[PDB]
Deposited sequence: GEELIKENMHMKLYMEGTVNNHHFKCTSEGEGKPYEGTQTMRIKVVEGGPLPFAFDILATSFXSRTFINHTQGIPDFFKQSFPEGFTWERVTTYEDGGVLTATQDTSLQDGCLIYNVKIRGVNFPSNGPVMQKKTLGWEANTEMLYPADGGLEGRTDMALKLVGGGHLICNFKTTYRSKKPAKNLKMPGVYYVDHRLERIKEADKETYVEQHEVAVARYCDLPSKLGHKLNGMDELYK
């Protein structure tokens, strides 16, 4: 946890399939873990240009960079040096389903991400396959302890050309490679996220993304 500095660098490898299209990506970036901000510069290195909106891959590119406010125990930062994993299913309301699994490790002071993606049943005439998307709205995730890890739930809204949205729901399981005796678990909490596309080029084979993420309790008054 004192392994995680005020500025940290990251590198990533990603591969998988969406429908029948194979691809690979790599990225590099940096952020301030305690401030909850980060930047990633991404290259589609195989299978580009993608025949699907890049927005569906956006959330798969970094949990160490969440500002855990209010003394909330930090499952992610606490996991180092052992590191951690995550597994997710994202279900779009028009049929697309994307699962993703991820390994996070720390090697010579650099965070190293290895991601796998498997997307299926995206409608060939819907807005993902037809590239009619304009990035994600901000969202709140709820995290709660479950099976010795953390589970997360959120709904995210994918902006469409013309002003509408396509909604998706995701369910994540976060697992620490640190033995449970050395981790103090949080209770229920919330993470507010704003994931933004900063730059793109060459039919989204180059993308720059930024994320700000701040964890908190619910601050509403309680009658109890």
item: Deposited positions lacking CA coordinates; value: 1, 63, 227 to 238
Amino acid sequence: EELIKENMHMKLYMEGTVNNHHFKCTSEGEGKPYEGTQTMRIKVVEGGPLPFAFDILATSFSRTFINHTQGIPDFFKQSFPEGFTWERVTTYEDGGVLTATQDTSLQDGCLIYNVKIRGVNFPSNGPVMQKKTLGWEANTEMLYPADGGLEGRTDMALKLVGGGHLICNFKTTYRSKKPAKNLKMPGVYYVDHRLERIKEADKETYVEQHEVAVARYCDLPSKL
From here on, numbers count along this sequence of modelled residues.
property: Mean temperature factor over C-alpha atoms, higher-scoring stretch between 158 to 166 and 179 to 187; result: 179 to 187
property: 67 to 75 or 85 to 93, whichever carries the higher mean Cα B-factor; result: 67 to 75
property: Per the PDB entry, maximal CA B factor within 135, 127, 109, 119; result: 109
property: Record-listed C-alpha B factor of residue 152: chain third; result: lowest
property: Assigned third (lowest, middle, highest) for the C-alpha B factor of residue 53; result: lowest
property: Residue 146 CA temperature factor, ranked by third within the chain; result: highest
property: CA B-factor ranking of residue 59, expressed as a third of its chain; result: middle
property: Within-chain third of residue 194 by Cα B-factor, per the entry; result: lowest
